[PDB]
Amino acid sequence: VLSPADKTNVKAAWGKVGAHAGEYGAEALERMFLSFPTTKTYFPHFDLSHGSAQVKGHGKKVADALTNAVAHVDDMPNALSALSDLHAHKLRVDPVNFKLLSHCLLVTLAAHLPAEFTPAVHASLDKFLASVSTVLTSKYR
Amino acid sequence: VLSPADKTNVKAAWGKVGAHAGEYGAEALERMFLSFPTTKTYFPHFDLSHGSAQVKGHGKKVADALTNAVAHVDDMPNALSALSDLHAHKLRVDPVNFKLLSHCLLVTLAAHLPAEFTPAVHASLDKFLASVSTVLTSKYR
Amino acid sequence: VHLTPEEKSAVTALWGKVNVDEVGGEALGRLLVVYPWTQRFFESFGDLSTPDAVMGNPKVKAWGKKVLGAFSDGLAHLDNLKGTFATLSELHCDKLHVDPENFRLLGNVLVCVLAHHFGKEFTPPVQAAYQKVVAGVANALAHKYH
Amino acid sequence: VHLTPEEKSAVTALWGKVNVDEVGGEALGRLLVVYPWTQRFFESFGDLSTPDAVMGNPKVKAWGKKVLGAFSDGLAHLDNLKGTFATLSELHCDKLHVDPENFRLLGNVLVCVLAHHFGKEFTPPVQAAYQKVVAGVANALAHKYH
Ligand code: HEM
Ligand code: HEM
Ligand code: HEM
Ligand code: HEM
């Protein structure tokens, strides 16, 4: 359960990303692929090397889904429902992996937004990514 | 997300427990304490040995919370809200531990209800206990 | 992993009664049904569209029998699970990239299957000894990750 | 855990720049703030009622410094983390009964702290080397469970 303070904190930190949204999304994916190599096997049709146009493009998509969740934070199950079906039904993404990407997203934010990544905001962002993950893993059948 | 079939399956399996509800709840706790000894430290005021009146009494409480969740399966966040506050705010139960008790509850049901514990119903029960756990771990702050 | 003599006794006594042609397939099938993302690794195994299809799938039964075979080998070498599971670790970690959490999940599904089949004979202390064993095997199978 | 020479180089170079009086406390404090059930083990540590209270708590800083001290020792003995962490394993597992998932969580919080402090210098390959290290330490600290 996200508190009012959490929602404010996430919106604010995300606010500072600006044009960099897709870039940071791509960076998070790259961090995940390098640190947790098991996650690479979901993308056999991507070249995952640094500077990859495919990873850059996908980063923007991931960022967009996260901003969708921020913008509709009180109705996330509905907002992410299609994405939830995709990751469970079609892609069969192991639920452990959401924790890995969530961590790499936090690391990317900490590396780019030092003033914003306070302990309180760190907690808020972690709860938010856990909520997003909970929704994205809610449709296994 | 529990499907209509999951709800039917859980209600049906739980239906067969009958007078044994509290007994099976106590058995699940005993299985958890023996198999996963880290969980014992939450109950320093309980004697946890076999036949313990305190574990028997607590088993009935756990069973009652589960039947509350079955009976209000479409409104579980609300039904378990008080219990959620207790386990997070007061008791500080580590979220990993809900998976341990959920597993021991499945094992107890399988050991007592062989006709009901089909693979489909096993999946339904697992989703249900995961949903209960999600609610009980939703209030960390 | 350290089983006491009473726990080794509990484990080996029950295991002697296990049907090795059936129990492994029952565990693997249930893994695929209960935790459906695991079906990702079994694309070539054919029809997995319903629980009945999974449980009746002859490939699920065959590979389930291989899994149980590896547990049986683990039971015979509790003091060297790491060497026992070395090539299977290379397979599941280095080749297949299965997340090791799933080894824990299959272990627990096997536990539920043993409870289902043995009922009251699968007592809480017997379960506790089996949890030590399935944790030992999961940890060994994950060695290539560690 | 196997760091390549380039990863050992990445790790030791960054570590030389770490403030050992501050970073451990920052990680431990953040653990207590971000994952509040962990406060269960620090009852005697005083005021933990707000994030500022936690981060400013002199006991949190002191024990954080001890944690970082153990990481520093781990870095010096990457090929024997198990022996390095043996007594700490007895402490955290056998005495305190901390679930080992929390060792993974503190490792990752430490990673976030290093990213926060070093910014762009904490590159994705540098992070990857540090993940190998914090997984190694978590696994060693959990040995008494295995
Ligand atoms: C915060 C968590 C995540 C978010 C917000 C997210 C978001 C997205 C989005 C927006 C898409 C494109 C969907 C479309 O085209 O309709 C996508 C596709 C995909 N995602 Fe994720 N994802 C997340 C976690 C993960 C994880 C953990 C994995 C696996 C490790 C994963 C694997 C994939 C794969 C394989 C695709 C298909 C890409 C392709 O084949 O072109 N996702 N995701
Ligand atoms: C399906 C999951 C669970 C359910 C339904 C459940 C249910 C309950 C209920 C109904 C109570 C009594 C509440 C009251 O008196 O108002 C309770 C108390 C308690 N629970 Fe749980 N619980 C669950 C999981 C856990 C886990 C995993 C742990 C720790 C390993 C835990 C530890 C405790 C403790 C320490 C108490 C206080 C007992 C006392 O001090 O008298 N619970 N729980
Ligand atoms: C206790 C855990 C496990 C044990 C003991 C085990 C054991 C085995 C054994 C004995 C084989 C046959 C190897 C051979 O042909 O020489 C095998 C194959 C295989 N296993 Fe597992 N397994 C376990 C868990 C898993 C899990 C959780 C997954 C995926 C979710 C998985 C995926 C596979 C696949 C895809 C193969 C076929 C490999 C191939 O022939 O290319 N295993 N396993
Ligand atoms: C990488 C993970 C960890 C490391 C390296 C670590 C290291 C240490 C060290 C060096 C000490 C001081 C021991 C002494 O006085 O000789 C300590 C004490 C302690 N640690 Fe940790 N720790 C870790 C994780 C955790 C976690 C996650 C918790 C709980 C959530 C925890 C709870 C405690 C407690 C309660 C003490 C005080 C013990 C006592 O004096 O009675 N530790 N730890």
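Whatever order the structure lists them in is the order used to number ligands and atoms, beginning at 1. Just so we're on the same page: letters track the sequence lines, and every chain starts at 1.
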Undergrad: Answer with side chain, backbone, both or neither: which part of A/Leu129 has a heavy atom less than 4.0 angstrom from an atom of ligand 1?
TA: neither

Undergrad: In plain terms, say whether D/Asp21 and D/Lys65 are close enough for a salt bridge, that is, a side-chain N and a carboxylate O under 4.0 Å apart.
TA: yes

Undergrad: Please state which part of A/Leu91 comes within less than 4.0 Å of ligand 1, counting heavy atoms only: side chain, backbone, both or neither.
TA: side chain

Undergrad: For C/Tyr35 and C/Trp37, take the angle between the two ring planes, folded into 0 to 90°, and tell me which bin it lands in: parallel under 30, tilted 30 to 60, perpendicular over 60.
TA: tilted

Undergrad: How are the rings of D/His146 and D/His143 set relative to one another: parallel (under 30°), tilted (30 to 60°) or perpendicular (over 60°)?
TA: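 Correct class here is perpendicular.
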
Undergrad: Find all atoms of ligand 1 within a distance of less than 4.0 Å from any non-hydrogen atom belonging to A/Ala65, and give their numbers and elements.
TA: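 Numbered from 1, ligand 1 contributes 5 (C), 10 (C).
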
Undergrad: Only heavy atoms of A/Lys61, strictly under 4.0 Å: list the atoms of ligand 1 that pass.
TA: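 In order of number, 10 (C).
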
Undergrad: Polar pairs, ligand 4 vs protein, N/O only, below 3.5 Å.
TA:
from     : atom 1 : to      : atom 2 : distance (Å)
ligand 4 : 20 (N) : D/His92 : NE2    : 2.9
ligand 4 : 22 (N) : D/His92 : NE2    : 2.9
ligand 4 : 42 (N) : D/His92 : NE2    : 2.8
ligand 4 : 43 (N) : D/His92 : NE2    : 2.9

Undergrad: Give a yes/no answer: is there an N/O/S atom of A/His87 under 2.8 Å from atom 21 (Fe) of ligand 1?
TA: yes

Undergrad: Quiz question: by atom type and distance under 3.5 Å, do the side chains of D/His117 and D/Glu22 form a donor-acceptor pair?
TA: no

Undergrad: Which word best sums up how the rings of D/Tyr145 and D/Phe103 line up, parallel for under 30°, tilted for 30 to 60°, or perpendicular for over 60°?
TA: parallel

Undergrad: Examine the proximity of ligand 1 to A/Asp64 and report which part, side chain or backbone, both or neither, has a heavy atom under 4.0 Å away.
TA: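 It is neither; nothing of A/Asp64 touches ligand 1.
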
